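Just below is one structure, and these are the notes that go with it.
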Amino acid sequence: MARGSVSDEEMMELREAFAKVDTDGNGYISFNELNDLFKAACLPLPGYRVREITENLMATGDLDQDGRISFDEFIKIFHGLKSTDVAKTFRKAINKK
Ligand SMILES: [Ca+2]
Ligand SMILES: [Ca+2]
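Here it is, written out as structure tokens:
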């Protein structure tokens with residue numbers, strides 16, 4: 001078992017995932033990055049859909065409620081919340097699908 005640890009593979013995946021959208025390399029992911037990311041994916045989906053996954057992901061991804069997600073934050077939600085839609089969509093989208 002594990003509280004919030006992260007495996008080698010999983011960790012790496014998350015690292016690159018954050019560094020991907022991180023154009024300035026600050027280690028933070030705001031709502032603009034999440035939306036622009038899922039939106040940039042260019043998939044057969046409506047507007048409320050992408051806006052929902054991004055809105056929910058951010059709301060359930062930000063504990064301090066500042067408007068930015070940190071490495072630990074995202075990774076934590078991934079190791080915490082079970083198989084979710086926003087999670088899979090993130091790892092996939094961020095990975096260019
Ligand atoms: Ca950034
Ligand atoms: Ca925060």
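Oh and the sequence shown: position 94 is 94 in the entry's author numbering, straight run, nothing missing. From the three backbone atoms N, C-alpha and C, an ideal C-beta is built for every residue, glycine too.
Just to confirm, are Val21 and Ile94 a CB contact at a threshold of 8 Å?
yes
Where does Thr23 land, buried or exposed, given buried means 16+ other C-beta within 10 angstroms?
With fewer than 16 Cβ atoms within 10 Å of its Cβ, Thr23 is classed as exposed.
Exposure label - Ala40; buried when at least 16 CB within 10 Å:
exposed
Looking at C-alpha atoms only, which residue of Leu57, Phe78 and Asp85 is the closest neighbour of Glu13?
When only C-alpha atoms are compared, the closest one is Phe78.
Closest residue to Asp85 among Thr54, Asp72, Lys76 and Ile75 (Cα-Cα distance)
Of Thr54, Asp72, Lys76 and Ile75, the residue nearest in Cα terms is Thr54.
Quick one, which of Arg68, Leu81 and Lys92 has its alpha-carbon nearest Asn32's?
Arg68
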